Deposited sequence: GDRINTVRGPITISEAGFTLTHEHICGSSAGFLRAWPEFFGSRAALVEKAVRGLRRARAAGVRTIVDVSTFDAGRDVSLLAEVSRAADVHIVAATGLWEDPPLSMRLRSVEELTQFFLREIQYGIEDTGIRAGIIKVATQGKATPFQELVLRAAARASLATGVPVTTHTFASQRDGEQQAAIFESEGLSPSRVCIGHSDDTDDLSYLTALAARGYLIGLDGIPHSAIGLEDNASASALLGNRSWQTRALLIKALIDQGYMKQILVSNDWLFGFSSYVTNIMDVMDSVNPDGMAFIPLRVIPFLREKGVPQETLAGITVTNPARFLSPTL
């Protein structure tokens, strides 16, 4: 209620501080880091890289990240706890399902999925006792039949616990509209939902249609850009819009009166096995600041564009605390 669950236990709302609401320690697949740690060099190399990156983010002002890696994105909460302790940065873990559920998940009913999400929120993840503080869901265009069940189960789990829901979208296909429709059919308040990857589109009619009915808007991939990259795989993933173009959507929604509904993040990672080999090297070339990109480069950019510091503090501190605090 007045506590947010992290990988090291409950924290008070004021302890969260400056919070990045959509990040990843390691974007992988279930069991993959355990079965093939050499893919990342070594598990120890991955830990060290993440600790260094989180320590640099902390020096830039970050106090909490929300790791929105699910079961099928290879979430390893023991890894998150280790890196969180070493870097002195709170990490909120996720339940839910992302874009790669295995058969043992894809065959389940809405009731079964709700049981699984509630397990990870209310009891713990695996045998770790670590509880999720957010529910992550995904569509990539029109929802599959199974994805409709996932979104409904996420709504039921959030209605039982007060934990918020955050989504992956194909933003240029306006996925958030169908996601909202399904969420609302289950009775979920839009104030409990962040429609993510919304900085992937420039369509203000789509974005304000979501914000007008009360959704939080996840402008969460600000440094994702392949401008300057011959590299087909990187351009497909990162897009050809500049980080400045994405960042100006923050100002656009402020100027329309939605400052309390904006969540900002990097959607960064320290390991990334669910895409092409060496993508992490390419991404780190594009954005050497990693997760510190938001405070080091986006915040000063918005200040120079005239956004008051108080407004940016509200977006990076107040909005995440309101979102993450469990409530109906």
property	result
Stretches with no C-alpha atoms in the model, relative to the deposited sequence starting at 1	230
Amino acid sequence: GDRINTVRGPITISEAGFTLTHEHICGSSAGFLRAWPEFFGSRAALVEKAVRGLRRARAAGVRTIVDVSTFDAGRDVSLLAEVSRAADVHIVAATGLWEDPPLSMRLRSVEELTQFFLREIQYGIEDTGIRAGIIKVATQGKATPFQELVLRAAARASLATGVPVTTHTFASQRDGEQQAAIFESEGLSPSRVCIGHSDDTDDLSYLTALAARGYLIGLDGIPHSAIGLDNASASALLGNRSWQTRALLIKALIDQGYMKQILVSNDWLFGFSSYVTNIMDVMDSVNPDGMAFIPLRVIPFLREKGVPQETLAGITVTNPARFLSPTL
From here on, numbers count along this sequence of modelled residues.
query: Given 191-199 and 239-247, the range whose Cα B-factors average higher in the PDB entry; finding: 239-247
query: Mean C-alpha B-factor comparison - 81-89 and 96-104, higher one; finding: 81-89
query: Deposited CA B-factor, highest of 156, 75, 142, 119; finding: 142
query: Top Cα B factor in the deposited entry, candidates 265, 64, 285, 28; finding: 285
query: Ranked against its chain, the third holding the CA B-factor of residue 173; finding: middle
query: Third assignment of residue 182 from its chain's C-alpha B-factors; finding: middle
query: Third of the chain, ranked by Cα B-factor, where residue 113 sits; finding: lowest
query: Residue 300 by Cα B-factor - lowest, middle or highest third of the modelled chain; finding: highest
query: Assigned third (lowest, middle, highest) for the C-alpha B factor of residue 148; finding: middle
